[PDB]
Ligand SMILES: [Mg+2]
Ligand SMILES: [Mg+2]
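Numbering (the entry's author numbering), first residue to last: 30 to 307.
What follows is the structure, given as structure tokens:
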């Protein structure tokens with residue numbers, strides 16, 4: 030198999046099985062994907078891959094579940110599921126075929142690449158690199174525009190060392206360099222579509238169903254990153270302050286309580302494929 034669409038047909042692409050999976054096996058491949066431990070810091074929910082990852086008939090299912098009895102675990106009320114490659118990559122092509130979640134608003138099916146934090150690097154250097162190949166169903170609010178289910182985000186995030194500190198460079202702070210939004214003509218929660226990203230030393234280009242939808246210069250995104258599919262929690266179950274999702278107790282908020290009838294909810298992934306340019 031090859032990348033659906035690339036910027037230069039003269040390039041050659043070699044599939045990298047260390048972060049590619051057609052999910053034809055019902056036993057998740059925990060040699061390839063990190064089951065526990067080394068998973069993203071989430072302040073608003075926890076991961077439970079034993080309970081929240083299932084694969085059936087060629088399709089992986091990642092599920093957001095409400096904790097039994099509404100009992101917090103370390104300040105959080107839900108668990109989710111995540112495929113995080115052990116293998117890191119920097120440049121290459123990354124693609125996943127994904128269908129979103131039936132809840133509509135409240136979770137964020139995501140395909141994304143992220144590094145560790147290296148706070149040792151020199152002034153101006155990158156501490157942390159994150160490329161979001163797609164964030165679905167976030168219902169983001171930006172400059173007075175409220176998104177709905179058809180809108181998606183395709184953003185870059187980094188932390189850069191400045192005057193001794195790691196300073197976050199966020200998409201809404203640097204939108205020309207880092208923010209991408211695209212509106213689909215179909216509801217991403219209802220069917221599978223193909224989300225791709227081509228990453229090289231110069232540029233990062235994003236594709237949806239084989240159409241280029243965004244491109245940005247590669248300013249900071251040169252660190253090794255793990256290939257990630259995960260189902261994130263969003264409002265009404267979280268509330269933003271201090272540059273982080275804070276968990277909301279779904280029994281203390283009407284909007285969160287009424288969405289509980291729609292939990293558990295799942296994203297689905299037919300494949301993930303990674304290539305390197307040869
Ligand atoms: Mg299967
Ligand atoms: Mg499959």
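Yeah, the Cβ is synthetic: ideal placement off N, Cα and C, and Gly gets one too.
- Looking from the CA of residue 86, the closest CA among 112, 183, 57 belongs to 57.
- Residues 291, 294 of the same chain have their beta carbon placed closer than 6 Å to that of residue 132, with the five preceding and five following residues left out of the count.
- Of all C-beta pairs linking the segment 150 to 158 to the segment 98 to 109, fewer than three are shorter than 8 Å, placing the two stretches out of contact.
- Of the heavy atoms belonging to ligand 2, none sits nearer than 7 Å to the Cβ of residue 90.
- Look at the segment 35 to 103 and you find these whole runs of beta strand (DSSP E), each 3 residues long or longer: 42 to 44, 82 to 85, 88 to 95.
- Collapsing the DSSP output to three states places residue 302 in a strand.
- Boundaries for residue 204: no beta strand (DSSP E) harbours it, while the alpha helix (DSSP H) harbouring it runs 204 to 207, taken from the DSSP string.
- Residue 300 has its Cβ nearer than 7 Å to a heavy atom of ligand 2.
- Closest in C-alpha terms to residue 172, from the list 143, 196, 202, 185, comes 202.
- Around the beta carbon of residue 41, fewer than 16 other beta carbons sit within 10 angstroms, so the residue counts as exposed.
- According to DSSP, residue pairing for residue 244 in a beta bridge involves 234.
- DSSP places residue 190 in the strand class (E or B) of the three-state scheme.
- Taking every protein chain shown into account, the CB of residue 129 has 16 or more other CB atoms within 10 angstroms, so this residue is buried.
- Close CB contacts of residue 299 within its chain, under the 6 Å cut and outside five residues either way in sequence, are with 88, 126, 221 (chain order).
- At least one heavy atom of ligand 1 lies less than 7 Å from the C-beta of residue 85.
- The beta carbon of residue 51 sits closer than 7 Å to at least one heavy atom of ligand 2.
- The C-alpha of residue 116 lies about 13 Å from the C-alpha of residue 145.
- Counting along the chain, residue 286 sits inside the alpha helix (DSSP H) bounded by residues 283 to 288.
- Within a 10 Å sphere around the beta-carbon of residue 182 sit 16 or more other beta-carbons, which makes this residue buried.
- Cβ neighbours of residue 47 within its own chain (closer than 7 Å, five residues either side excluded): 61, 114, 116.
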